Amino acid sequence: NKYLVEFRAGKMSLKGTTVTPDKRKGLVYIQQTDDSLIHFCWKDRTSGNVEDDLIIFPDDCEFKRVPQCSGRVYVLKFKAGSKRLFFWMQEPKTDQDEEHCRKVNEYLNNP
Amino acid sequence: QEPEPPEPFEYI
Amino acid sequence: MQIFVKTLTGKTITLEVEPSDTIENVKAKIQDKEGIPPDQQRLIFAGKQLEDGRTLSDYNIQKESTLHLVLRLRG
């Protein structure tokens, strides 16, 4: 039931070629359900609403920093850029940003 | 304290 | 068009489908090859559990795509 990885982060939305932040306080986390499937999730830290809940298998996606912004923007990108989910880090310090990125990739692509 | 949102940006 | 279905055990199944086929129809095609009842099948693509009454086109599933097949029992 415990989250395999978690970190505060907000969402962003891409329209045309412009990516704009959602202002909400949020939490990205990875969790294994009782049926052993791996879920990548985002929840509103204020309301508690789980707004994104994706079931991920190895080689579906990669989590990578977005140099275009540094605003600490990361994107979850599905195979052939079919889907992109953008996030901005909300941890007060940057010291774990890269390790959070490594752990996301590890648990999604080698759980 | 918690960071403010980044400014919008272009993604090509 | 041709799509592929890959199981958790790594088995690969090839199907002939149309963009307008429903997810339930895809599960029927898997039954015709593998003998698995559709109500025991979970199909997942790009993070989403595919809903039985929606079409492949609804999910923008294109030729040569691979769907993930997870059965409901035995992990």
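When the header is checked for method, it gives X-ray crystallography, 1.8 Å.
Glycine residues also receive a Cβ, built from the backbone N, Cα and C atoms like all the rest.
Going by Swiss-Prot, these are the annotated features:
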CROSSLNK  C:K6  ubiquitin cross-link
CROSSLNK  C:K11  ubiquitin cross-link
CROSSLNK  C:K27  ubiquitin cross-link
CROSSLNK  C:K29  ubiquitin cross-link
CROSSLNK  C:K33  ubiquitin cross-link
CROSSLNK  C:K48  ubiquitin cross-link
CROSSLNK  C:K63  ubiquitin cross-link
MOD_RES   C:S65  phosphoserine
MOD_RES   C:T66  (Microbial infection) ADP-ribosylthreonine
SITE      C:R54  site 'Interacts with activating enzyme'
SITE      C:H68  site 'Essential for function'
SITE      C:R72  site 'Interacts with activating enzyme'
Legend entry - Chain A neighbours, filtered from recorded positions C:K11, C:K29, C:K48, C:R54, C:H68, Cβ-Cβ distance under 8 Å: C:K48, C:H68
Inset, instruction - Using DSSP with the three-state reduction, classify C:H68 (site 'Essential for function') as helix, strand or coil. - result: strand
Legend entry - Where C:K29 (ubiquitin cross-link) sits in the secondary structure, as DSSP reduces it to three classes: helix
Legend entry - C:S65, C:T66 as modified residues, winner by CB count within 10 A: C:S65
Legend entry - Cβ neighbour count within 10 Å of C:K48 (ubiquitin cross-link): 14
Inset, instruction - Determine the most Cβ-crowded residue among the recorded positions C:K6, C:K11, C:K29, C:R72, using a 10 Å radius around each Cβ and all protein chains in the structure. - result: C:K29
Inset, instruction - Measuring C-alpha to C-alpha, could you say which of the recorded positions C:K6, C:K27, C:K29, C:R54 are within 10 Å of C:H68 (site 'Essential for function')? - result: C:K6
